[PDB]
Amino acid sequence: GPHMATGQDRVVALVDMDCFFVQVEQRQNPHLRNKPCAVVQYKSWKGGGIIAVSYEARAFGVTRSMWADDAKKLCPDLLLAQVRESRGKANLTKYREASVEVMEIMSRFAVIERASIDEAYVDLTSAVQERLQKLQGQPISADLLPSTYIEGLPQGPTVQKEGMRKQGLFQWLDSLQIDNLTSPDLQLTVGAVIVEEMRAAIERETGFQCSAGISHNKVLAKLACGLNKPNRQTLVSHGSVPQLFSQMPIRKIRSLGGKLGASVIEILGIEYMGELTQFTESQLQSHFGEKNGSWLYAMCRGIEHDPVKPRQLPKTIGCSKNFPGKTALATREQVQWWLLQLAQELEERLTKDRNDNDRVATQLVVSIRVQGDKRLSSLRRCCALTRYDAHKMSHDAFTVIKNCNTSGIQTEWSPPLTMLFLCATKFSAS
DNA sequence: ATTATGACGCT
DNA sequence: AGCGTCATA
Ligand SMILES: [Mn+2]
Ligand SMILES: [Mn+2]
Ligand SMILES: [Mn+2]
């Protein structure tokens, strides 16, 4: 009764850019705006690999992971922008710099957690309290929430989509108790007002549109964000969770999209997140371990405690390249040439990082894949990173992997390498 | 022959 | 430390 924690202590948002690499290319090239468009890496193998897709192109069935030649079969007029190539490899610098643009704007509203190149979580709890205090019992007008969906509404006793959005919002605001500064529903609502402001600033100052979710924790914020993409934000209330989760496939929840999620389904013989409520915490711990079990027990009730970390910068800087099929590296000088290419890009990015962010990486991780290995990385070794010098770093990387060569004579490399990866880690202030 | 990343958890 | 899992453009 008075003691069950309801996980409504925080207001958390997740802001995620719409079709992000496409928007970066569309800002740069106005000819691509309002068109079926995709961003592609490489070209020679089946037209290149698609890694981002405009919403116009999604209507034709184009997706990420698609080869551009196959995408062209679905959408003949699909426009394509190519990822930059430098030193023999895809180079994602334009998108990393566009990301920084957005992260720096978000950081004006609150401390953010960078969660990917195109999204960040925001803990808005403190900001909400302050916006509430200067509101002074003022109701929140629908005009302050022009792009907001309230999940689960309208409901109960118009066939257009913007009309439905407003009816839901009206029901939500009609039910609110703006008199209570400690009311979670009110706090989420004010949270949504702030996120409209944040999203407006992002679009105003970069030209990029985004979506967002507002809830009481990260997992619900992430889920909410996706519910009404693109260019809209969604509020998922604590009260909306039972209905939402009652038909929500388990795999849809962040962290459950892989093997653990499949095991929850198989072991418990269930399909939907809501079905998890019928197991005791000990039961879930018994199958999925102490941490996962407790996490699942709270999550299916809409409760999660993972904090929004104060980290705006990536904590690693890495360079990697696959060498598929018959391009696998089979000679020493080949291996060394590509270690140098990767190292030169790493040096460039590292030197820029040091000047911008007052830190130095101290560890170099070197990873390779060998032909005939199922897994993504075959071998991972670390060595000291003491100087931002590409030739030193590549020479060092070679030294850590020299012995992986199974060939008798030194000139050949066997079995051939299908992946090289250099990653700088363990930053210290400088 | 989706590729190029990046964070977190386990032992 | 090195490996595995999960995630995102
Ligand atoms: Mn996105
Ligand atoms: Mn994203
Ligand atoms: Mn995506």
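Lettering of chains follows the sequences in order, A, B, ..., and the numbering in each one begins at 1.
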A:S377 and A:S367: CA distance, side-chain angles, deciding distance, side-chain hydrogen bond (donor to acceptor under 3.5 Å, both in side chains) verdict
CA-CA 7 Å; A:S377 160; A:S367 179; 3.0 Å; yes

From CA spacing to verdict: side chain to side chain contact (heavy atoms under 4.5 Å, CB included), A:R251, A:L256:
CA-CA 5 Å; A:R251 65 176 181 274; A:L256 304 177; 5.8 Å; no

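Listed by first and then second residue, the salt bridge (charged side-chain N to carboxylate O under 4.0 Å, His left out) pairs that reach into residues 226-247 of chain A are A:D16-A:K229, A:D18-A:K229, sequence neighbours excluded. Applying the ring pair (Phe, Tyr, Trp, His ring centres under 6.0 Å) test to residues at least two apart or on different chains, the pairs with a partner in residues 324-382 of chain A are A:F323-A:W338.
Residue-level contact check: A:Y95 touches neither bases nor backbone, having no heavy atom under 4.0 Å from any strand. Within 4.0 Å (heavy atoms only), A:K326 reaches no atom of the nucleic acid at all. Nucleic acid contact for A:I317: sugar-phosphate only, since backbone atoms but no base atoms lie under 4.0 Å from a heavy atom of the residue. Residue contacts for A:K94: at a heavy-atom cut-off of 4.0 Å it reaches no nucleic acid atom on any strand shown. Residue-level contact check: A:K46 touches neither bases nor backbone, having no heavy atom under 4.0 Å from any strand. Among the protein residues, A:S255 comes within range of the sugar-phosphate backbone only, with heavy atoms under 4.0 Å from sugar or phosphate atoms but none that close to a base. Among the heavy atoms of the strands, none lies under 4.0 Å from A:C423.
In the displayed structure, A:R311 atom CZ is contacted under 6.0 Å by more than 12 heavy atoms of other residues, nucleotides or ligands. Counting non-hydrogen atoms of neighbouring residues, nucleotides and ligands closer than 6.0 angstrom, the CG atom of A:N403 exceeds 12 such neighbours. The neighbour count for A:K72 NZ, taken as heavy atoms of other residues, nucleotides or ligands under 6.0 Å away, is above 12. For CZ of A:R108, the number of neighbouring non-hydrogen atoms (other residues, nucleotides, ligands) closer than 6.0 Å is greater than 12.
In this structure, A:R64 does not reach the C:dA7 phosphate: none of its side-chain N or O atoms is under 4.0 Å from OP1 or OP2. Close to B:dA7, at under 4.0 Å from its OP1 or OP2, lies no side-chain N or O of A:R254. The shortest distance between the side-chain N/O atoms of A:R114 and the OP1/OP2 oxygens of B:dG6 is not below 4.0 Å. Distances shorter than 4.0 Å separate some side-chain N or O of A:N322 from OP1 or OP2 on B:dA4. Note on A:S116: every side-chain N or O is 4.0 Å or more away from OP1 and OP2 of B:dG6. The phosphate of B:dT2 has OP1 or OP2 within less than 4.0 Å of a side-chain N or O from A:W67.
Under the 3.5 Å distance criterion, with hydrogens and angles disregarded, no donor-acceptor pair is assigned to the side chains of A:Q285 and A:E290.
Nearest nucleotide to the A:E119 side chain, out of C:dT8, B:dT3, B:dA1: C:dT8. Of the candidates B:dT5, C:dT8, B:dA1, C:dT8 carries the atom nearest the A:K222 side chain, counting heavy atoms from C-beta on. Taking every side-chain heavy atom of A:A90 into account, B:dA4 is the closest of B:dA1, B:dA4, B:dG6.
Distance A:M419 CE to B:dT2 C1': 15 Å, rounded to the nearest Å. The distance between atom CG of A:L420 and atom P of B:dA4, rounded to the nearest whole Å, is 11 Å. Atom CZ of A:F20 is separated from atom P of B:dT5 by 15 Å (rounded to the nearest Å). The nearest whole Å value for the distance from the CD atom in A:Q82 to the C1' atom in B:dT3 is 15 Å. The CG atom of A:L260 sits 14 Å away from the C1' atom of B:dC8 (whole-angstrom rounding). In this structure, the CD atom of A:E304 is 13 Å from the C1' atom of B:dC8, given to the nearest Å. For A:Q341 and B:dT3, the CD to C1' distance is 18 Å, given to the nearest whole Å. The CD-P distance, from A:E345 to B:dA4, rounds to 11 Å in whole Å.
Evaluated for a side chain to side chain contact (heavy atoms under 4.5 Å, CB included) with A:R349, the options A:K352, A:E345, A:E347 yield exactly one hit, A:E345. Of the residues A:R114, A:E119, A:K94, the one that meets the side chain to side chain contact (heavy atoms under 4.5 Å, CB included) test with A:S99 is A:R114.
Mapping A:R311 and A:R96 onto DNA chain B via the closest heavy atom, the residue that lands nearer the 5' end is A:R96. Where A:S65 and A:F421 meet DNA chain B, the nucleotide closest to each residue was compared, and A:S65 sits on the side nearer the 5' end.
Partners of A:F208 according to the ring-ring contact (aromatic ring centres under 6.0 Å, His included) rule, which considers only residues two or more places apart in sequence or in another chain, are A:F20.
A heavy-atom distance below 4.0 Å to DNA chain B is reached by these residues of residues 35-45 of chain A, ordered by number: A:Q41, A:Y42, A:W45.
When the P atom is compared between B:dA1 and C:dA9, the two are found 25 Å apart, to the nearest whole Å.
Remark: the backbone N or O of A:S407 is paired with a side-chain donor or acceptor of A:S414 at under 3.5 angstrom.
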So which protein N/O to nucleotides 9-11 of chain B N/O distances come out below 3.5 Å?
none

Between the protein and nucleotides 2-4 of chain C, list the N/O to N/O atom pairs that are separated by less than 3.5 angstrom.
| unit_1 | atom_1 | unit_2 | atom_2 | d |
| --- | --- | --- | --- | --- |
| C:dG2 | OP2 | A:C382 | N | 3.2 |
| C:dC3 | OP2 | A:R380 | N | 2.9 |
| C:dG4 | OP1 | A:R375 | NH1 | 3.4 |
| C:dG4 | OP2 | A:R375 | NH1 | 3.3 |

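In this structure, A:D123 and A:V111 have side chains that are not in contact, with every pair of non-hydrogen atoms separated by 4.5 Å or more.
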